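Chains F and S are the protein sequences, given in the same order.
Using the authors' numbering, read the first sequence as starting at 700 and increasing by one per residue.
Just so we're aligned: the second sequence equals residues 68 to 76, 82 to 131 in the authors' numbering.
Structure first, commentary second.
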Amino acid sequence: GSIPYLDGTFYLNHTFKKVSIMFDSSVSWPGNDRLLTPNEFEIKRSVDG
Amino acid sequence: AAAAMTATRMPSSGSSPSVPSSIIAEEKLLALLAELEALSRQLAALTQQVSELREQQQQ
Numbered sequence: 700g701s702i703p704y705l706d707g708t709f710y711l712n713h714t715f716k717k718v719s720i721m722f723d724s725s726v727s728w729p730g731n732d733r734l735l736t737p738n739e740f741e742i743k744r745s746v747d748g
Numbered sequence: 068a069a070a071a072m073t074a075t076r082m083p084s085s086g087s088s089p090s091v092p093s094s095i096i097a098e099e100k101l102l103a104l105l106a107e108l109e110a111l112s113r114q115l116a117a118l119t120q121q122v123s124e125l126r127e128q129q130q131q
């Protein structure tokens, strides 16, 4: 079939929940109180109080 | 001519508040969105262990 990795037909982007980044095993990025929860980039949430 | 002559001889105004009671408020709100997930999580866990009967009976 299509080969997304070669041709660009990416179709599973909706499956991510969150991503977190940590330099030197200590400094969370972007840090600095920037986002509403970015010691983790919360891509989507299943329940939203 | 005389005797009585000594003295002298709409549509919609659209109110709104009418005859109901008074009203009040408070700001301690909204745990409730969590139970909608509690309920539908635990509902799955029921079926999950019905399956664990069947998957042990089938042995």
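Note that CB positions come from ideal geometry on N, CA and C, so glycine has one too.
{"query": "Closer than 7 Å by beta-carbon distance: list the chain F residues that pair up with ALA106 (chain S), in chain order.", "result": "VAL746 and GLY748"}
{"query": "So, helix, strand or coil for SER88 (chain S), using DSSP?", "result": "coil"}
{"query": "Pick out whichever of F:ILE702, F:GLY748 and F:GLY707 has its Cα sitting closest to the Cα of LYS100 (chain S).", "result": "F:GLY748"}
{"query": "Please classify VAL746 (chain F): does DSSP put it in a helix, a strand, or coil?", "result": "coil"}
{"query": "Check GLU98 (chain S) in the structure and name its three-state DSSP category.", "result": "coil"}
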